[PDB]
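A.B. asks: My structure is stored as protein_0.cif, with mmCIF, N, CA and C atoms.
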```
data_work
#
loop_
_atom_site.group_PDB
_atom_site.id
_atom_site.type_symbol
_atom_site.label_atom_id
_atom_site.label_comp_id
_atom_site.auth_asym_id
_atom_site.auth_seq_id
_atom_site.Cartn_x
_atom_site.Cartn_y
_atom_site.Cartn_z
ATOM 1 N N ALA A 103 72.355 -45.598 71.158
ATOM 2 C CA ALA A 103 71.652 -46.650 71.885
ATOM 3 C C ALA A 103 71.823 -46.495 73.392
ATOM 4 N N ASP A 104 73.023 -46.120 73.838
ATOM 5 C CA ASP A 104 73.272 -45.967 75.267
ATOM 6 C C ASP A 104 72.539 -44.760 75.840
ATOM 7 N N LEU A 105 72.545 -43.637 75.124
ATOM 8 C CA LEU A 105 72.123 -42.376 75.720
ATOM 9 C C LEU A 105 70.640 -42.073 75.550
ATOM 10 N N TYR A 106 70.045 -42.365 74.395
ATOM 11 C CA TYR A 106 68.714 -41.853 74.080
ATOM 12 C C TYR A 106 67.659 -42.955 74.037
ATOM 13 N N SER A 107 67.590 -43.709 75.134
ATOM 14 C CA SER A 107 66.677 -44.882 75.135
ATOM 15 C C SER A 107 65.674 -44.891 76.293
ATOM 16 N N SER A 108 65.135 -43.737 76.689
ATOM 17 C CA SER A 108 64.030 -43.741 77.686
ATOM 18 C C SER A 108 63.123 -42.555 77.354
ATOM 19 N N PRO A 109 61.818 -42.735 77.046
ATOM 20 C CA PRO A 109 61.052 -43.940 77.351
ATOM 21 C C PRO A 109 60.996 -44.954 76.191
ATOM 22 N N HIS A 110 61.748 -44.728 75.110
ATOM 23 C CA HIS A 110 61.764 -45.671 73.950
ATOM 24 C C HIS A 110 63.165 -46.238 73.656
ATOM 25 N N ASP A 111 63.251 -47.538 73.407
ATOM 26 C CA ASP A 111 64.555 -48.176 73.069
ATOM 27 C C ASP A 111 64.858 -47.960 71.580
ATOM 28 N N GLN A 112 65.994 -47.352 71.233
ATOM 29 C CA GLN A 112 66.357 -46.995 69.864
ATOM 30 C C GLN A 112 66.594 -48.229 69.000
ATOM 31 N N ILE A 113 67.318 -49.220 69.526
ATOM 32 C CA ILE A 113 67.604 -50.423 68.748
ATOM 33 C C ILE A 113 66.313 -51.146 68.394
ATOM 34 N N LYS A 114 65.408 -51.283 69.365
ATOM 35 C CA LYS A 114 64.139 -51.954 69.110
ATOM 36 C C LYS A 114 63.298 -51.189 68.095
ATOM 37 N N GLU A 115 63.275 -49.856 68.187
ATOM 38 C CA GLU A 115 62.519 -49.070 67.214
ATOM 39 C C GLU A 115 63.073 -49.253 65.803
ATOM 40 N N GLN A 116 64.401 -49.185 65.662
ATOM 41 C CA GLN A 116 65.021 -49.372 64.353
ATOM 42 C C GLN A 116 64.718 -50.759 63.801
ATOM 43 N N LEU A 117 64.808 -51.783 64.654
ATOM 44 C CA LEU A 117 64.526 -53.147 64.217
ATOM 45 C C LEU A 117 63.076 -53.291 63.769
ATOM 46 N N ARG A 118 62.143 -52.697 64.517
ATOM 47 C CA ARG A 118 60.731 -52.792 64.158
ATOM 48 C C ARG A 118 60.468 -52.164 62.794
ATOM 49 N N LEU A 119 61.004 -50.962 62.566
ATOM 50 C CA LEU A 119 60.775 -50.303 61.279
ATOM 51 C C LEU A 119 61.416 -51.079 60.129
ATOM 52 N N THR A 120 62.638 -51.584 60.335
ATOM 53 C CA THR A 120 63.301 -52.358 59.290
ATOM 54 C C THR A 120 62.530 -53.638 58.974
ATOM 55 N N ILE A 121 61.990 -54.297 60.003
ATOM 56 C CA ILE A 121 61.232 -55.525 59.787
ATOM 57 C C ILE A 121 59.936 -55.231 59.038
ATOM 58 N N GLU A 122 59.303 -54.090 59.331
ATOM 59 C CA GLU A 122 58.131 -53.689 58.554
ATOM 60 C C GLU A 122 58.479 -53.532 57.076
ATOM 61 N N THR A 123 59.600 -52.863 56.787
ATOM 62 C CA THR A 123 60.025 -52.712 55.397
ATOM 63 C C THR A 123 60.279 -54.071 54.744
ATOM 64 N N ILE A 124 60.909 -54.987 55.483
ATOM 65 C CA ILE A 124 61.213 -56.310 54.939
ATOM 66 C C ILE A 124 59.929 -57.072 54.625
ATOM 67 N N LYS A 125 58.924 -56.970 55.498
ATOM 68 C CA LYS A 125 57.659 -57.656 55.247
ATOM 69 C C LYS A 125 56.945 -57.087 54.023
ATOM 70 N N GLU A 126 56.993 -55.763 53.843
ATOM 71 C CA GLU A 126 56.429 -55.190 52.620
ATOM 72 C C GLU A 126 57.153 -55.714 51.381
ATOM 73 N N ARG A 127 58.483 -55.818 51.453
ATOM 74 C CA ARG A 127 59.231 -56.382 50.330
ATOM 75 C C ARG A 127 58.837 -57.835 50.074
ATOM 76 N N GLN A 128 58.587 -58.602 51.138
ATOM 77 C CA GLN A 128 58.155 -59.986 50.962
ATOM 78 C C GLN A 128 56.811 -60.057 50.247
ATOM 79 N N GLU A 129 55.877 -59.178 50.621
ATOM 80 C CA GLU A 129 54.598 -59.142 49.917
ATOM 81 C C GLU A 129 54.793 -58.817 48.442
ATOM 82 N N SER A 130 55.685 -57.871 48.137
ATOM 83 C CA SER A 130 55.968 -57.561 46.736
ATOM 84 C C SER A 130 56.548 -58.769 46.003
ATOM 85 N N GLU A 131 57.465 -59.488 46.653
ATOM 86 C CA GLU A 131 58.112 -60.636 46.020
ATOM 87 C C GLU A 131 57.118 -61.754 45.736
ATOM 88 N N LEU A 132 56.165 -61.976 46.645
ATOM 89 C CA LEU A 132 55.199 -63.054 46.436
ATOM 90 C C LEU A 132 54.410 -62.870 45.143
ATOM 91 N N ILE A 133 54.316 -61.643 44.644
ATOM 92 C CA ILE A 133 53.593 -61.352 43.411
ATOM 93 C C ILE A 133 54.533 -61.251 42.215
ATOM 94 N N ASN A 134 55.645 -60.527 42.354
ATOM 95 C CA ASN A 134 56.442 -60.136 41.197
ATOM 96 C C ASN A 134 57.782 -60.857 41.071
ATOM 97 N N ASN A 135 58.049 -61.879 41.878
ATOM 98 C CA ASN A 135 59.327 -62.576 41.772
ATOM 99 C C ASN A 135 59.410 -63.303 40.432
ATOM 100 N N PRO A 136 60.510 -63.159 39.686
ATOM 101 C CA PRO A 136 60.550 -63.721 38.324
ATOM 102 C C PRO A 136 60.442 -65.238 38.257
ATOM 103 N N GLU A 137 60.837 -65.968 39.302
ATOM 104 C CA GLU A 137 60.887 -67.425 39.217
ATOM 105 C C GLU A 137 59.839 -68.130 40.075
ATOM 106 N N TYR A 138 59.434 -67.549 41.206
ATOM 107 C CA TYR A 138 58.376 -68.137 42.023
ATOM 108 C C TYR A 138 57.139 -67.254 42.164
ATOM 109 N N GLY A 139 57.098 -66.095 41.512
ATOM 110 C CA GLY A 139 55.957 -65.212 41.656
ATOM 111 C C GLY A 139 54.705 -65.759 40.994
ATOM 112 N N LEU A 140 53.555 -65.244 41.442
ATOM 113 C CA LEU A 140 52.271 -65.689 40.903
ATOM 114 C C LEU A 140 52.144 -65.346 39.422
ATOM 115 N N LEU A 141 52.519 -64.117 39.056
ATOM 116 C CA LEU A 141 52.391 -63.674 37.672
ATOM 117 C C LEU A 141 53.264 -64.508 36.744
ATOM 118 N N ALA A 142 54.454 -64.892 37.208
ATOM 119 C CA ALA A 142 55.307 -65.764 36.409
ATOM 120 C C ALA A 142 54.791 -67.198 36.412
ATOM 121 N N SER A 143 54.108 -67.602 37.486
ATOM 122 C CA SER A 143 53.698 -68.995 37.627
ATOM 123 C C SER A 143 52.436 -69.314 36.835
ATOM 124 N N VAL A 144 51.600 -68.313 36.546
ATOM 125 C CA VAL A 144 50.360 -68.581 35.820
ATOM 126 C C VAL A 144 50.673 -69.147 34.437
ATOM 127 N N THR A 145 49.796 -70.020 33.948
ATOM 128 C CA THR A 145 49.998 -70.676 32.665
ATOM 129 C C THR A 145 49.198 -69.994 31.551
ATOM 130 N N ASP A 146 49.694 -70.148 30.315
ATOM 131 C CA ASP A 146 49.038 -69.552 29.154
ATOM 132 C C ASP A 146 47.595 -70.021 29.033
ATOM 133 N N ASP A 147 47.318 -71.275 29.417
ATOM 134 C CA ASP A 147 45.922 -71.799 29.377
ATOM 135 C C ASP A 147 45.077 -71.083 30.437
ATOM 136 N N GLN A 148 45.720 -70.614 31.507
ATOM 137 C CA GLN A 148 44.984 -69.917 32.556
ATOM 138 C C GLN A 148 45.018 -68.394 32.417
ATOM 139 N N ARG A 149 45.647 -67.872 31.366
ATOM 140 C CA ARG A 149 45.699 -66.437 31.101
ATOM 141 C C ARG A 149 44.613 -66.051 30.102
ATOM 142 N N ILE A 150 43.871 -64.982 30.410
ATOM 143 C CA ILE A 150 42.859 -64.441 29.511
ATOM 144 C C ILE A 150 42.979 -62.922 29.470
ATOM 145 N N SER A 151 42.325 -62.326 28.476
ATOM 146 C CA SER A 151 42.369 -60.888 28.251
ATOM 147 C C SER A 151 40.964 -60.301 28.281
ATOM 148 N N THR A 152 40.886 -59.002 28.567
ATOM 149 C CA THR A 152 39.603 -58.314 28.600
ATOM 150 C C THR A 152 39.012 -58.207 27.199
ATOM 151 N N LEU A 153 37.682 -58.123 27.140
ATOM 152 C CA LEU A 153 36.998 -58.048 25.853
ATOM 153 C C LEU A 153 37.274 -56.720 25.158
ATOM 154 N N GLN B 206 96.095 -35.062 104.698
ATOM 155 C CA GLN B 206 96.163 -33.757 105.343
ATOM 156 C C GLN B 206 96.174 -32.661 104.286
ATOM 157 N N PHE B 207 95.334 -31.645 104.478
ATOM 158 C CA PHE B 207 95.248 -30.509 103.572
ATOM 159 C C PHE B 207 95.293 -29.215 104.370
ATOM 160 N N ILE B 208 96.043 -28.233 103.865
ATOM 161 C CA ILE B 208 96.052 -26.919 104.491
ATOM 162 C C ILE B 208 94.714 -26.232 104.242
ATOM 163 N N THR B 209 94.323 -25.359 105.168
ATOM 164 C CA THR B 209 93.068 -24.628 105.060
ATOM 165 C C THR B 209 93.321 -23.137 105.213
ATOM 166 N N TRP B 210 92.496 -22.336 104.544
ATOM 167 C CA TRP B 210 92.469 -20.891 104.732
ATOM 168 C C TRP B 210 91.047 -20.482 105.086
ATOM 169 N N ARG B 211 90.892 -19.821 106.235
ATOM 170 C CA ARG B 211 89.581 -19.439 106.759
ATOM 171 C C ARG B 211 88.662 -20.649 106.899
ATOM 172 N N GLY B 212 89.245 -21.816 107.171
ATOM 173 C CA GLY B 212 88.497 -23.045 107.321
ATOM 174 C C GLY B 212 88.190 -23.789 106.038
ATOM 175 N N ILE B 213 88.634 -23.294 104.891
ATOM 176 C CA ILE B 213 88.323 -23.878 103.589
ATOM 177 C C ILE B 213 89.560 -24.618 103.088
ATOM 178 N N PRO B 214 89.489 -25.933 102.881
ATOM 179 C CA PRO B 214 90.687 -26.686 102.484
ATOM 180 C C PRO B 214 91.104 -26.411 101.046
ATOM 181 N N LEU B 215 92.405 -26.560 100.797
ATOM 182 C CA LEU B 215 92.983 -26.449 99.461
ATOM 183 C C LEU B 215 93.286 -27.852 98.945
ATOM 184 N N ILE B 216 92.806 -28.165 97.751
ATOM 185 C CA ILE B 216 92.870 -29.510 97.184
ATOM 186 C C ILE B 216 93.791 -29.478 95.971
ATOM 187 N N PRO B 217 94.794 -30.357 95.898
ATOM 188 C CA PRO B 217 95.732 -30.332 94.767
ATOM 189 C C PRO B 217 95.190 -31.100 93.569
ATOM 190 N N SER B 218 95.505 -30.604 92.374
ATOM 191 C CA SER B 218 95.190 -31.289 91.124
ATOM 192 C C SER B 218 96.257 -30.931 90.102
ATOM 193 N N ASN B 219 96.917 -31.947 89.543
ATOM 194 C CA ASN B 219 97.971 -31.693 88.566
ATOM 195 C C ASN B 219 97.417 -31.402 87.177
ATOM 196 N N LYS B 220 96.099 -31.505 86.990
ATOM 197 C CA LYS B 220 95.517 -31.264 85.672
ATOM 198 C C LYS B 220 95.410 -29.778 85.355
ATOM 199 N N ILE B 221 95.491 -28.915 86.365
ATOM 200 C CA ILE B 221 95.428 -27.473 86.134
ATOM 201 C C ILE B 221 96.714 -27.035 85.441
ATOM 202 N N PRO B 222 96.628 -26.426 84.259
ATOM 203 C CA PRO B 222 97.843 -26.113 83.496
ATOM 204 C C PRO B 222 98.665 -25.001 84.132
ATOM 205 N N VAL B 223 99.985 -25.156 84.027
ATOM 206 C CA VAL B 223 100.921 -24.141 84.577
ATOM 207 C C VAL B 223 101.812 -23.733 83.410
ATOM 208 N N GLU B 224 101.613 -22.528 82.883
ATOM 209 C CA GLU B 224 102.378 -22.102 81.685
ATOM 210 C C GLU B 224 103.200 -20.863 82.035
ATOM 211 N N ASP B 225 104.500 -20.864 81.720
ATOM 212 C CA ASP B 225 105.371 -19.678 81.958
ATOM 213 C C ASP B 225 105.272 -19.277 83.438
ATOM 214 N N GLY B 226 105.233 -20.260 84.340
ATOM 215 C CA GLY B 226 105.109 -19.978 85.785
ATOM 216 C C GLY B 226 103.793 -19.320 86.192
ATOM 217 N N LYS B 227 102.749 -19.355 85.346
ATOM 218 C CA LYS B 227 101.456 -18.799 85.718
ATOM 219 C C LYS B 227 100.452 -19.933 85.853
ATOM 220 N N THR B 228 99.504 -19.781 86.776
ATOM 221 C CA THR B 228 98.468 -20.778 86.993
ATOM 222 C C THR B 228 97.201 -20.079 87.471
ATOM 223 N N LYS B 229 96.173 -20.876 87.757
ATOM 224 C CA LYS B 229 94.882 -20.376 88.202
ATOM 225 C C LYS B 229 94.432 -21.147 89.435
ATOM 226 N N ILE B 230 93.626 -20.492 90.269
ATOM 227 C CA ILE B 230 93.088 -21.097 91.484
ATOM 228 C C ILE B 230 91.571 -20.966 91.462
ATOM 229 N N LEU B 231 90.871 -22.059 91.747
ATOM 230 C CA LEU B 231 89.416 -22.090 91.672
ATOM 231 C C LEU B 231 88.798 -22.265 93.054
ATOM 232 N N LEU B 232 87.641 -21.635 93.255
ATOM 233 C CA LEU B 232 86.837 -21.791 94.459
ATOM 234 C C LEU B 232 85.440 -22.236 94.051
ATOM 235 N N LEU B 233 84.952 -23.302 94.687
ATOM 236 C CA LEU B 233 83.760 -24.012 94.244
ATOM 237 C C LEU B 233 82.796 -24.230 95.400
ATOM 238 N N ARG B 234 81.458 -24.240 95.167
ATOM 239 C CA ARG B 234 80.395 -24.701 96.133
ATOM 240 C C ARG B 234 79.740 -25.938 95.476
ATOM 241 N N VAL B 235 79.460 -27.024 96.203
ATOM 242 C CA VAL B 235 78.985 -28.288 95.541
ATOM 243 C C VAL B 235 77.638 -28.795 96.074
ATOM 244 N N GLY B 236 76.815 -29.368 95.182
ATOM 245 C CA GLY B 236 75.567 -30.018 95.625
ATOM 246 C C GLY B 236 74.291 -29.384 95.076
ATOM 247 N N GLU B 237 73.293 -30.201 94.719
ATOM 248 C CA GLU B 237 71.997 -29.718 94.158
ATOM 249 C C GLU B 237 71.184 -28.938 95.200
ATOM 250 N N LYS B 238 71.114 -29.433 96.434
ATOM 251 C CA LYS B 238 70.262 -28.786 97.474
ATOM 252 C C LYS B 238 70.632 -27.303 97.639
ATOM 253 N N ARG B 239 71.904 -26.941 97.459
ATOM 254 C CA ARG B 239 72.340 -25.536 97.672
ATOM 255 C C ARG B 239 72.630 -24.803 96.354
ATOM 256 N N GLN B 240 72.026 -25.252 95.241
ATOM 257 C CA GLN B 240 72.247 -24.567 93.948
ATOM 258 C C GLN B 240 73.755 -24.490 93.660
ATOM 259 N N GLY B 241 74.448 -25.617 93.802
ATOM 260 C CA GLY B 241 75.894 -25.634 93.501
ATOM 261 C C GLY B 241 76.293 -26.336 92.204
ATOM 262 N N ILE B 242 77.539 -26.823 92.100
ATOM 263 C CA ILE B 242 78.099 -27.510 90.942
ATOM 264 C C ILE B 242 77.785 -28.995 91.060
ATOM 265 N N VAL B 243 77.343 -29.601 89.958
ATOM 266 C CA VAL B 243 77.028 -31.023 89.930
ATOM 267 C C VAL B 243 77.653 -31.663 88.699
ATOM 268 N N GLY B 244 77.961 -32.951 88.819
ATOM 269 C CA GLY B 244 78.324 -33.757 87.672
ATOM 270 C C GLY B 244 77.147 -34.613 87.238
ATOM 271 N N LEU B 245 77.121 -34.966 85.957
ATOM 272 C CA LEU B 245 76.003 -35.683 85.359
ATOM 273 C C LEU B 245 76.500 -36.972 84.725
ATOM 274 N N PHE B 246 75.780 -38.070 84.966
ATOM 275 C CA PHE B 246 76.147 -39.365 84.405
ATOM 276 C C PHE B 246 74.898 -40.137 83.995
ATOM 277 N N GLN B 247 75.103 -41.129 83.122
ATOM 278 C CA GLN B 247 74.016 -41.939 82.583
ATOM 279 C C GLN B 247 73.987 -43.294 83.269
ATOM 280 N N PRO B 248 72.922 -43.639 83.985
ATOM 281 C CA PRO B 248 72.854 -44.949 84.635
ATOM 282 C C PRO B 248 72.324 -46.031 83.703
ATOM 283 N N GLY B 249 72.464 -47.271 84.160
ATOM 284 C CA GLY B 249 71.895 -48.413 83.458
ATOM 285 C C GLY B 249 72.471 -48.674 82.083
ATOM 286 N N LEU B 250 73.789 -48.566 81.938
ATOM 287 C CA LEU B 250 74.421 -48.837 80.655
ATOM 288 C C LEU B 250 74.544 -50.340 80.420
ATOM 289 N N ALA B 251 74.555 -50.724 79.147
ATOM 290 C CA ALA B 251 74.762 -52.121 78.793
ATOM 291 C C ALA B 251 76.220 -52.509 79.007
ATOM 292 N N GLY B 252 76.432 -53.640 79.672
ATOM 293 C CA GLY B 252 77.784 -54.054 80.017
ATOM 294 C C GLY B 252 78.464 -53.111 80.985
ATOM 295 N N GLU B 253 77.715 -52.584 81.948
ATOM 296 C CA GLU B 253 78.245 -51.582 82.861
ATOM 297 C C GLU B 253 79.128 -52.230 83.923
ATOM 298 N N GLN B 254 80.327 -51.678 84.108
ATOM 299 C CA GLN B 254 81.249 -52.106 85.153
ATOM 300 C C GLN B 254 81.210 -51.183 86.364
ATOM 301 N N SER B 255 81.285 -49.881 86.130
ATOM 302 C CA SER B 255 81.188 -48.853 87.152
ATOM 303 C C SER B 255 80.179 -47.824 86.670
ATOM 304 N N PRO B 256 79.590 -47.049 87.581
ATOM 305 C CA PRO B 256 78.566 -46.077 87.171
ATOM 306 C C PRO B 256 79.053 -45.158 86.059
ATOM 307 N N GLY B 257 78.353 -45.206 84.926
ATOM 308 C CA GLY B 257 78.688 -44.404 83.770
ATOM 309 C C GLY B 257 79.688 -45.017 82.814
#
```
Let me see whether you can do it: turn the structure in this file into structure tokens.

C.D. replies:
Amino acid sequence: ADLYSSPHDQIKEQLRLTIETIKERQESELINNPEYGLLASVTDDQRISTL
Amino acid sequence: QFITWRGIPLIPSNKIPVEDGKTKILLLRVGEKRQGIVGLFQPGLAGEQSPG
């Protein structure tokens, strides 16, 4: 962090990439979370199958 | 006060090792403008007290 930070800040770059990964994980959780996910939340009356 | 030889001063440093009564003597030219010896440091450190 001290030595290799011009023209780019190393800590900020690492934080940005990690936050991107975290946001992708959040998108995954919104769908596949076992207790609050959409797929778990749908009801049997609202579930249908292809013909 | 420093002794000089041919107008060139002699500078003491205890870091130069002296083994079995043998030692070494260095002669140096300094500065970028004259293609000499330079030291390198990193400015703008976080929590900096003195340069570098």

A.B. asks: Using the chain letters and residue numbers of this document, give as a list in words the residues selected by the PyMOL selection byres ((chain B) within 8 of (chain A)).

C.D. replies: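 For this structure, the PyMOL selection byres ((chain B) within 8 of (chain A)) captures residues 247, 248, 249, 250 and 251 of chain B.
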
A.B. asks: Between CA of residue 127 in chain A and CA of residue 139 in chain A, what is the spacing in Å?

C.D. replies: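 Between CA of residue 139 in chain A and CA of residue 127 in chain A the gap works out to 12.8 Å.
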
A.B. asks: Interatomic distance between CA of residue 236 in chain B and CA of residue 214 in chain B?

C.D. replies: 16.9 Å

A.B. asks: What's the separation between atom N of residue 148 in chain A and CA of residue 136 in chain A, in Å to one decimal place?

C.D. replies: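 That distance, rounded to one decimal, is 17.7 Å.
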
A.B. asks: Is it possible to get the axis-aligned box enclosing range 211-224 of chain B (all listed atoms, 6 Å extra per side) as AutoDock Vina command-line options, with centre and edge lengths in Å rounded to one decimal?

C.D. replies:
```
--center_x 95.7 --center_y -25.7 --center_z 94.5 --size_x 27.0 --size_y 24.5 --size_z 37.6
```

A.B. asks: As a list in words, which residues of range 106-142 of chain A does DSSP assign to alpha helix (DSSP H)?

C.D. replies: residues 112, 113, 114, 115, 116, 117, 118, 119, 120, 121, 122, 123, 124, 125, 126, 127, 128, 129, 130, 131, 132, 133, 134, 140, 141 and 142 of chain A

A.B. asks: Go ahead and write the residues just picked, N, CA and C atoms, as a PDB file, in the frame of the given file.

C.D. replies:
```pdb
ATOM      1  N   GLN A 112      65.994 -47.352  71.233  1.00  0.00           N
ATOM      2  CA  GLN A 112      66.357 -46.995  69.864  1.00  0.00           C
ATOM      3  C   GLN A 112      66.594 -48.229  69.000  1.00  0.00           C
ATOM      4  N   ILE A 113      67.318 -49.220  69.526  1.00  0.00           N
ATOM      5  CA  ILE A 113      67.604 -50.423  68.748  1.00  0.00           C
ATOM      6  C   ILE A 113      66.313 -51.146  68.394  1.00  0.00           C
ATOM      7  N   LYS A 114      65.408 -51.283  69.365  1.00  0.00           N
ATOM      8  CA  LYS A 114      64.139 -51.954  69.110  1.00  0.00           C
ATOM      9  C   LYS A 114      63.298 -51.189  68.095  1.00  0.00           C
ATOM     10  N   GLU A 115      63.275 -49.856  68.187  1.00  0.00           N
ATOM     11  CA  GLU A 115      62.519 -49.070  67.214  1.00  0.00           C
ATOM     12  C   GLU A 115      63.073 -49.253  65.803  1.00  0.00           C
ATOM     13  N   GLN A 116      64.401 -49.185  65.662  1.00  0.00           N
ATOM     14  CA  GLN A 116      65.021 -49.372  64.353  1.00  0.00           C
ATOM     15  C   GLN A 116      64.718 -50.759  63.801  1.00  0.00           C
ATOM     16  N   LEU A 117      64.808 -51.783  64.654  1.00  0.00           N
ATOM     17  CA  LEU A 117      64.526 -53.147  64.217  1.00  0.00           C
ATOM     18  C   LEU A 117      63.076 -53.291  63.769  1.00  0.00           C
ATOM     19  N   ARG A 118      62.143 -52.697  64.517  1.00  0.00           N
ATOM     20  CA  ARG A 118      60.731 -52.792  64.158  1.00  0.00           C
ATOM     21  C   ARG A 118      60.468 -52.164  62.794  1.00  0.00           C
ATOM     22  N   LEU A 119      61.004 -50.962  62.566  1.00  0.00           N
ATOM     23  CA  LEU A 119      60.775 -50.303  61.279  1.00  0.00           C
ATOM     24  C   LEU A 119      61.416 -51.079  60.129  1.00  0.00           C
ATOM     25  N   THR A 120      62.638 -51.584  60.335  1.00  0.00           N
ATOM     26  CA  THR A 120      63.301 -52.358  59.290  1.00  0.00           C
ATOM     27  C   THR A 120      62.530 -53.638  58.974  1.00  0.00           C
ATOM     28  N   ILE A 121      61.990 -54.297  60.003  1.00  0.00           N
ATOM     29  CA  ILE A 121      61.232 -55.525  59.787  1.00  0.00           C
ATOM     30  C   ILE A 121      59.936 -55.231  59.038  1.00  0.00           C
ATOM     31  N   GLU A 122      59.303 -54.090  59.331  1.00  0.00           N
ATOM     32  CA  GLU A 122      58.131 -53.689  58.554  1.00  0.00           C
ATOM     33  C   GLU A 122      58.479 -53.532  57.076  1.00  0.00           C
ATOM     34  N   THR A 123      59.600 -52.863  56.787  1.00  0.00           N
ATOM     35  CA  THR A 123      60.025 -52.712  55.397  1.00  0.00           C
ATOM     36  C   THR A 123      60.279 -54.071  54.744  1.00  0.00           C
ATOM     37  N   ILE A 124      60.909 -54.987  55.483  1.00  0.00           N
ATOM     38  CA  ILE A 124      61.213 -56.310  54.939  1.00  0.00           C
ATOM     39  C   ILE A 124      59.929 -57.072  54.625  1.00  0.00           C
ATOM     40  N   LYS A 125      58.924 -56.970  55.498  1.00  0.00           N
ATOM     41  CA  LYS A 125      57.659 -57.656  55.247  1.00  0.00           C
ATOM     42  C   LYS A 125      56.945 -57.087  54.023  1.00  0.00           C
ATOM     43  N   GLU A 126      56.993 -55.763  53.843  1.00  0.00           N
ATOM     44  CA  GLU A 126      56.429 -55.190  52.620  1.00  0.00           C
ATOM     45  C   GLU A 126      57.153 -55.714  51.381  1.00  0.00           C
ATOM     46  N   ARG A 127      58.483 -55.818  51.453  1.00  0.00           N
ATOM     47  CA  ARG A 127      59.231 -56.382  50.330  1.00  0.00           C
ATOM     48  C   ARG A 127      58.837 -57.835  50.074  1.00  0.00           C
ATOM     49  N   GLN A 128      58.587 -58.602  51.138  1.00  0.00           N
ATOM     50  CA  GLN A 128      58.155 -59.986  50.962  1.00  0.00           C
ATOM     51  C   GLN A 128      56.811 -60.057  50.247  1.00  0.00           C
ATOM     52  N   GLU A 129      55.877 -59.178  50.621  1.00  0.00           N
ATOM     53  CA  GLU A 129      54.598 -59.142  49.917  1.00  0.00           C
ATOM     54  C   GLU A 129      54.793 -58.817  48.442  1.00  0.00           C
ATOM     55  N   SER A 130      55.685 -57.871  48.137  1.00  0.00           N
ATOM     56  CA  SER A 130      55.968 -57.561  46.736  1.00  0.00           C
ATOM     57  C   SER A 130      56.548 -58.769  46.003  1.00  0.00           C
ATOM     58  N   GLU A 131      57.465 -59.488  46.653  1.00  0.00           N
ATOM     59  CA  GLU A 131      58.112 -60.636  46.020  1.00  0.00           C
ATOM     60  C   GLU A 131      57.118 -61.754  45.736  1.00  0.00           C
ATOM     61  N   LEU A 132      56.165 -61.976  46.645  1.00  0.00           N
ATOM     62  CA  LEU A 132      55.199 -63.054  46.436  1.00  0.00           C
ATOM     63  C   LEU A 132      54.410 -62.870  45.143  1.00  0.00           C
ATOM     64  N   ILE A 133      54.316 -61.643  44.644  1.00  0.00           N
ATOM     65  CA  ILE A 133      53.593 -61.352  43.411  1.00  0.00           C
ATOM     66  C   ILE A 133      54.533 -61.251  42.215  1.00  0.00           C
ATOM     67  N   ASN A 134      55.645 -60.527  42.354  1.00  0.00           N
ATOM     68  CA  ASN A 134      56.442 -60.136  41.197  1.00  0.00           C
ATOM     69  C   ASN A 134      57.782 -60.857  41.071  1.00  0.00           C
ATOM     70  N   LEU A 140      53.555 -65.244  41.442  1.00  0.00           N
ATOM     71  CA  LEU A 140      52.271 -65.689  40.903  1.00  0.00           C
ATOM     72  C   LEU A 140      52.144 -65.346  39.422  1.00  0.00           C
ATOM     73  N   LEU A 141      52.519 -64.117  39.056  1.00  0.00           N
ATOM     74  CA  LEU A 141      52.391 -63.674  37.672  1.00  0.00           C
ATOM     75  C   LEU A 141      53.264 -64.508  36.744  1.00  0.00           C
ATOM     76  N   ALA A 142      54.454 -64.892  37.208  1.00  0.00           N
ATOM     77  CA  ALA A 142      55.307 -65.764  36.409  1.00  0.00           C
ATOM     78  C   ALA A 142      54.791 -67.198  36.412  1.00  0.00           C
TER      79      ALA A 142
END
```

A.B. asks: Using the chain letters and numbers from the file, give me the residues hit by the PyMOL selection byres (((chain B and resi 229-232 and name CA) around 12) and name CA), as a PyMOL selection string.

C.D. replies: chain B and resi 210+213-224+226-228+233-235+241-242

A.B. asks: I need the residues in chain B that are strand (DSSP E) according to DSSP; give them as a PyMOL selection string.

C.D. replies: chain B and resi 209-210+213-214
